[PDB]
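Only one structure is covered here, and it is reproduced in the block below.
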Amino acid sequence: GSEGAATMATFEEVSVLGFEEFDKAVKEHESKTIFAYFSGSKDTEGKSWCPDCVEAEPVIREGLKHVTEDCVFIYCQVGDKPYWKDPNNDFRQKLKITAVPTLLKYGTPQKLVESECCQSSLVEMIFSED
């Protein structure tokens with residue numbers, strides 16, 4: 001396969017579950033841009049109870065390509081459907097998550113919420129601009 005990348009950006013997909021793992025993967029890619037995608041856990045079929053995370057997955061993964069910087073995506077699974085509601089979760093306590101799926105850009109206050117997670121126009125933006 002003859003491919004070509006004239007100074008093209010690069011992304012790294014990392015699957016994790018919980019805050020512990022998320023932290024590990026983060027610190028590992030602390031040198032480069034990190035992107036945490038807090039979303040519900042996937043079922044046996046490989047889908048998130050939420051109809052958004054399932055429709056945003058491809059919207060965020062595809063956009064990540066438009067990125068002009070070497071970032072490191074991280075699929076962080078909050079947990080179960082009825083678990084995300086838990087207002088006493090380290091996600092809403094420490095990460096102070098608004099509404100999942102929540103795309104936070106480790107380093108900048110720029111984040112894309114459910115709606116912003118399904119909007120390719122925004123996904124390709126948060127990645128393009130710094």
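By order in the structure tokens, chains are A, B, ...; within a chain, residues start at 1; ligands start at 1, following the order shown.
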At a cut-off of 8 Å, can you tabulate as a tab-separated table every residue of stretch 13-42 of chain A near stretch 76-80 of chain A together with its closest atom pair and the distance in Å to one decimal, using only C-alpha atoms and ordering rows by chain then number?
```
residue	atom	partner	partner_atom	distance
A:15	CA	A:76	CA	6.7
A:16	CA	A:76	CA	5.1
A:17	CA	A:77	CA	4.8
A:18	CA	A:77	CA	6.1
A:19	CA	A:76	CA	7.9
A:22	CA	A:76	CA	6.3
A:36	CA	A:76	CA	6.3
A:37	CA	A:76	CA	5.5
A:38	CA	A:76	CA	4.8
A:39	CA	A:77	CA	5.2
A:40	CA	A:78	CA	5.3
A:41	CA	A:77	CA	5.0
A:42	CA	A:77	CA	7.9
```
Strand (DSSP E) call set, DSSP backbone run, chain A, as an MDAnalysis selection string: chainID A and resid 11:17 33:38 71:77 102:106 111:112
Quick one: write out the picked residues with N, CA and C atoms as a CSV table (one decimal), in the first residue's frame?
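File selection_15.csv, as written:
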```
chain,number,residue,atom,x,y,z
A,11,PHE,N,-3.0,10.6,15.5
A,11,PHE,CA,-3.8,10.4,16.7
A,11,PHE,C,-3.6,9.0,17.3
A,12,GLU,N,-3.9,8.8,18.5
A,12,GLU,CA,-3.7,7.5,19.2
A,12,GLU,C,-4.9,7.1,20.0
A,13,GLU,N,-5.5,6.0,19.6
A,13,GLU,CA,-6.7,5.5,20.3
A,13,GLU,C,-6.3,4.6,21.5
A,14,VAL,N,-6.8,4.9,22.7
A,14,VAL,CA,-6.6,4.2,23.9
A,14,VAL,C,-7.9,3.9,24.7
A,15,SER,N,-8.2,2.6,24.8
A,15,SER,CA,-9.4,2.2,25.5
A,15,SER,C,-9.1,1.9,26.9
A,16,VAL,N,-9.9,2.5,27.8
A,16,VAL,CA,-9.8,2.4,29.2
A,16,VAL,C,-11.1,2.4,29.9
A,17,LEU,N,-11.1,2.1,31.2
A,17,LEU,CA,-12.3,2.0,32.0
A,17,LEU,C,-12.1,2.5,33.5
A,33,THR,N,-0.7,16.1,23.4
A,33,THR,CA,-2.1,16.4,23.7
A,33,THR,C,-2.9,15.2,24.0
A,34,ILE,N,-3.8,15.3,24.9
A,34,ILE,CA,-4.7,14.1,25.3
A,34,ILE,C,-6.2,14.5,25.2
A,35,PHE,N,-6.9,13.5,24.8
A,35,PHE,CA,-8.4,13.7,24.6
A,35,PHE,C,-9.2,12.6,25.3
A,36,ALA,N,-9.8,12.9,26.4
A,36,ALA,CA,-10.6,11.9,27.1
A,36,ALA,C,-12.1,12.0,26.7
A,37,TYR,N,-12.6,10.8,26.3
A,37,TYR,CA,-14.0,10.7,25.9
A,37,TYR,C,-14.8,10.0,26.9
A,38,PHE,N,-15.3,10.7,27.9
A,38,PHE,CA,-16.1,10.0,29.0
A,38,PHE,C,-17.5,9.7,28.4
A,71,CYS,N,-2.2,14.2,18.9
A,71,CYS,CA,-3.0,14.0,20.1
A,71,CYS,C,-3.1,12.6,20.5
A,72,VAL,N,-3.7,12.3,21.7
A,72,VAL,CA,-3.9,10.9,22.2
A,72,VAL,C,-5.3,10.7,22.7
A,73,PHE,N,-6.1,10.2,21.9
A,73,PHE,CA,-7.5,9.9,22.3
A,73,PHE,C,-7.6,8.8,23.4
A,74,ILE,N,-8.6,8.9,24.2
A,74,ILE,CA,-8.7,8.0,25.3
A,74,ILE,C,-10.2,7.7,25.6
A,75,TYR,N,-10.7,6.5,25.2
A,75,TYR,CA,-12.1,6.2,25.4
A,75,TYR,C,-12.3,5.8,26.9
A,76,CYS,N,-12.7,6.7,27.7
A,76,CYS,CA,-12.9,6.5,29.1
A,76,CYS,C,-14.4,6.1,29.3
A,77,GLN,N,-14.6,4.9,29.9
A,77,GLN,CA,-16.0,4.5,30.2
A,77,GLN,C,-16.4,4.8,31.6
A,102,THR,N,-18.8,13.3,27.2
A,102,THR,CA,-18.1,14.6,27.4
A,102,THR,C,-16.7,14.5,26.9
A,103,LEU,N,-16.4,15.3,25.9
A,103,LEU,CA,-15.1,15.4,25.3
A,103,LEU,C,-14.2,16.5,25.8
A,104,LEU,N,-13.4,16.2,26.8
A,104,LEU,CA,-12.5,17.2,27.4
A,104,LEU,C,-11.1,17.2,26.8
A,105,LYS,N,-10.6,18.3,26.5
A,105,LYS,CA,-9.2,18.4,25.9
A,105,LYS,C,-8.2,18.7,27.0
A,106,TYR,N,-7.6,17.7,27.5
A,106,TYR,CA,-6.6,17.8,28.6
A,106,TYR,C,-5.6,18.9,28.3
A,111,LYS,N,-14.2,21.9,25.6
A,111,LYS,CA,-14.8,20.6,25.7
A,111,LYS,C,-16.1,20.5,24.9
A,112,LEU,N,-16.4,19.4,24.3
A,112,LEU,CA,-17.6,19.1,23.5
A,112,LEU,C,-18.6,18.2,24.2
```
Pick from A:44, A:110, A:87, A:61 nearest to residue A:130, counting only C-alpha atoms: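 For residue A:130, the nearest of the given residues is A:110.
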DSSP-assigned helix (DSSP H, G or I) members of chain A, reported as a ChimeraX atom specification: /A:18-28,51-66,81-84,90-93,114-118,120-128
Selection export as a PDB file, in the first residue's frame, atoms kept: C-alpha atoms:
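Okay, out.pdb is ready:
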```pdb
ATOM      1  CA  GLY A  18     -12.587   4.047  35.215  1.00  0.00           C
ATOM      2  CA  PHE A  19     -10.567   6.922  36.651  1.00  0.00           C
ATOM      3  CA  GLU A  20      -7.555   4.814  37.627  1.00  0.00           C
ATOM      4  CA  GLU A  21      -6.745   3.543  34.135  1.00  0.00           C
ATOM      5  CA  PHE A  22      -7.705   6.891  32.605  1.00  0.00           C
ATOM      6  CA  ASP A  23      -5.084   8.580  34.783  1.00  0.00           C
ATOM      7  CA  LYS A  24      -2.392   6.072  33.817  1.00  0.00           C
ATOM      8  CA  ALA A  25      -2.957   6.479  30.079  1.00  0.00           C
ATOM      9  CA  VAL A  26      -3.066  10.246  30.588  1.00  0.00           C
ATOM     10  CA  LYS A  27       0.208  10.591  32.490  1.00  0.00           C
ATOM     11  CA  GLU A  28       1.727   8.361  29.808  1.00  0.00           C
ATOM     12  CA  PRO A  51     -27.950   6.670  21.604  1.00  0.00           C
ATOM     13  CA  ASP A  52     -25.551   9.617  21.466  1.00  0.00           C
ATOM     14  CA  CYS A  53     -22.212   8.027  22.353  1.00  0.00           C
ATOM     15  CA  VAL A  54     -23.095   5.478  19.672  1.00  0.00           C
ATOM     16  CA  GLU A  55     -23.804   8.180  17.092  1.00  0.00           C
ATOM     17  CA  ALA A  56     -20.929  10.355  18.308  1.00  0.00           C
ATOM     18  CA  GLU A  57     -18.281   7.626  18.397  1.00  0.00           C
ATOM     19  CA  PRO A  58     -17.797   7.820  14.605  1.00  0.00           C
ATOM     20  CA  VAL A  59     -18.288  11.590  14.705  1.00  0.00           C
ATOM     21  CA  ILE A  60     -15.411  12.032  17.152  1.00  0.00           C
ATOM     22  CA  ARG A  61     -13.120   9.327  15.776  1.00  0.00           C
ATOM     23  CA  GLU A  62     -13.394  10.673  12.229  1.00  0.00           C
ATOM     24  CA  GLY A  63     -12.827  14.271  13.287  1.00  0.00           C
ATOM     25  CA  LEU A  64      -9.739  13.315  15.277  1.00  0.00           C
ATOM     26  CA  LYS A  65      -8.168  12.728  11.862  1.00  0.00           C
ATOM     27  CA  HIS A  66      -8.681  16.365  10.870  1.00  0.00           C
ATOM     28  CA  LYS A  81     -26.359   3.810  32.535  1.00  0.00           C
ATOM     29  CA  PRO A  82     -27.803   4.170  36.061  1.00  0.00           C
ATOM     30  CA  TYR A  83     -24.241   4.692  37.289  1.00  0.00           C
ATOM     31  CA  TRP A  84     -23.608   7.866  35.290  1.00  0.00           C
ATOM     32  CA  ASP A  90     -15.363  11.153  40.742  1.00  0.00           C
ATOM     33  CA  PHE A  91     -16.266  12.313  37.233  1.00  0.00           C
ATOM     34  CA  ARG A  92     -18.726  14.961  38.417  1.00  0.00           C
ATOM     35  CA  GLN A  93     -16.713  15.607  41.580  1.00  0.00           C
ATOM     36  CA  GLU A 114     -23.218  15.298  23.796  1.00  0.00           C
ATOM     37  CA  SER A 115     -24.574  17.700  21.177  1.00  0.00           C
ATOM     38  CA  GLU A 116     -21.057  18.975  20.492  1.00  0.00           C
ATOM     39  CA  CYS A 117     -19.943  15.341  20.345  1.00  0.00           C
ATOM     40  CA  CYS A 118     -22.278  14.558  17.445  1.00  0.00           C
ATOM     41  CA  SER A 120     -18.594  16.850  13.124  1.00  0.00           C
ATOM     42  CA  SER A 121     -18.192  20.554  12.358  1.00  0.00           C
ATOM     43  CA  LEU A 122     -17.202  21.045  15.997  1.00  0.00           C
ATOM     44  CA  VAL A 123     -15.239  17.806  16.354  1.00  0.00           C
ATOM     45  CA  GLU A 124     -13.010  18.723  13.413  1.00  0.00           C
ATOM     46  CA  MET A 125     -12.640  22.166  14.987  1.00  0.00           C
ATOM     47  CA  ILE A 126     -11.636  21.405  18.575  1.00  0.00           C
ATOM     48  CA  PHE A 127      -8.890  19.367  16.912  1.00  0.00           C
ATOM     49  CA  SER A 128      -7.871  21.861  14.226  1.00  0.00           C
TER      50      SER A 128
END
```
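Between residue A:107 and the residues A:119, A:7, A:31, A:88, the shortest atom-to-atom distance, using only C-alpha atoms, involves A:31.
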Gap from atom CA of residue A:43 to atom CA of residue A:100 - Å, one decimal: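 Atom CA of residue A:43 sits 16.5 Å away from atom CA of residue A:100.
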